[PDB]
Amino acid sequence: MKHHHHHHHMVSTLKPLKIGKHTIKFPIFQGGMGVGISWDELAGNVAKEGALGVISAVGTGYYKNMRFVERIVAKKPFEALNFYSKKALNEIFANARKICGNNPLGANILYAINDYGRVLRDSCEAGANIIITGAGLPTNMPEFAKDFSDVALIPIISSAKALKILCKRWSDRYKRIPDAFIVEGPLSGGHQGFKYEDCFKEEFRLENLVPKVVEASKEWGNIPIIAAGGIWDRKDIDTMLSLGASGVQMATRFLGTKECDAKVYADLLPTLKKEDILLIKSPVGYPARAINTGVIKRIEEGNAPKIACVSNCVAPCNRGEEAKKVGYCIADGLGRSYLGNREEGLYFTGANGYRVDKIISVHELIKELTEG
């Protein structure tokens, strides 16, 4: 009909997904994306379409060019209190709800942080239905959630081993177990939960990981398993569901939508070639998949931005130690990209980023992924 709109019906054979007390109409999460990539426009429109919109809680101090920070040094949010800004996260959630209303929303918060519990509690207070946490083994998420018993809790893992450990440790100390698990494979965007040399080993392809995680989940009552990393279209979704996943998490396709809150990607992705997608070191301590542009090119030229830890974004870096060793500050680079700086920004992508040709709307994307 040329153009399908929000008043238009659509038939799907995908089934609604229950995560804790929350139901989403389609078994699809839009993966959280920092810094400033999945905020109110992206996540609110995803949730409007009946998938899980996920607000990234990382680097919210950059929102609206540090509208909600108390102190700025060298155009950066000062310390973790301002880098993970409570007021900004509150405004981002409120603005997403103007679009999606009470439709469920997640908040994504990396475990490797100073202040993890504070940011989790902030996300709950901002109205998140679901907390999603990777980049670490999040054995204590219920510690910080106990005043918000409706919020569902979802660790991101990269092995069946981690599922077993997390369930044991949660069950023993909180008499609770996770509401779902996301298993993230090595074709994903952002940071990988694998050493570099394991990111190319067939052992660790997502289709091998999913059955193992689903099997481990059986002992604990068939906790829903969400497959993530390299899922591009409905064919890949169906493959993962047929392997026992209850749903999928997808990010790179949404990075290529109009509603993405980091507007640079709409310019950058249509030009992106596969040869310019690489795995680089990160001050977070896991490999990161990046676009060979911006600060990465400036480092090679010997023009790298100066490093001085202002935002104190992640504990493994030790206030700049690791940033200086790997050559860049991830907070500074991602914030610059959100602010539109093509020369010194840092840009991330899944392995599939080169397949983005046209920038489409979230509505059109969900229609593509769910029809039939």
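Quick note: we count residues from 1 along the sequence shown, nothing fancier. Whichever C-alpha set is largest while still superposing within 1.5 Å between the two forms counts as the rigid core.
Rigid core superposition, C-alpha RMS per stretch in 8 other deposited structures of this protein: which comes out larger, 228-236 or 106-114?
Of the two stretches, the larger average C-alpha offset in 8 other deposited structures of this protein falls on 106-114.
Out of 83-91 and 178-186, which one drifts farther from the shown form in 8 other deposited structures of this protein in terms of CA positions, with the fit done on the rigid core?
Higher root mean square deviation of C-alphas in 8 other deposited structures of this protein is shown by 178-186.
Which has the higher mean CA temperature factor in the PDB entry, 226-234 or 110-118?
The recorded data point to 110-118.
In the PDB record, does 56-64 or 299-307 carry the higher mean Cα temperature factor?
Taking the mean C-alpha B-factor of 56-64 and of 299-307, the larger value falls to 299-307.
Kindly indicate the residue among 160, 135, 153, 260 with the greatest C-alpha B-factor in the PDB record.
The record points to 160.
Considering only 168, 97, 191, 281, which residue's Cα atom bears the greatest B-factor as recorded?
Among 168, 97, 191, 281, the PDB entry lists the largest C-alpha B-factor for 168.
Looking at the entry's B-factor column for C-alpha atoms only, identify whether residue 103 ranks in the lowest, middle or highest third of its chain.
It belongs to the lowest third of the chain when residues are ordered by C-alpha B-factor.
Taking the C-alpha B-factors as the PDB entry records them, is residue 210 in the lowest, middle or highest third of its chain?
Answer is middle: the recorded C-alpha B-factor places it there.
In terms of the chain's CA B-factor thirds, is residue 181 lowest, middle or highest?
Lowest third of the chain for residue 181's C-alpha B-factor.
Could you tell me which third, lowest, middle or highest, the C-alpha B-factor of residue 70 occupies within its chain?
Answer is highest: the recorded C-alpha B-factor places it there.
Classify residue 350 as lowest, middle or highest third according to the C-alpha B-factor given in the PDB entry, relative to its own chain.
It falls in the bottom third of the chain.
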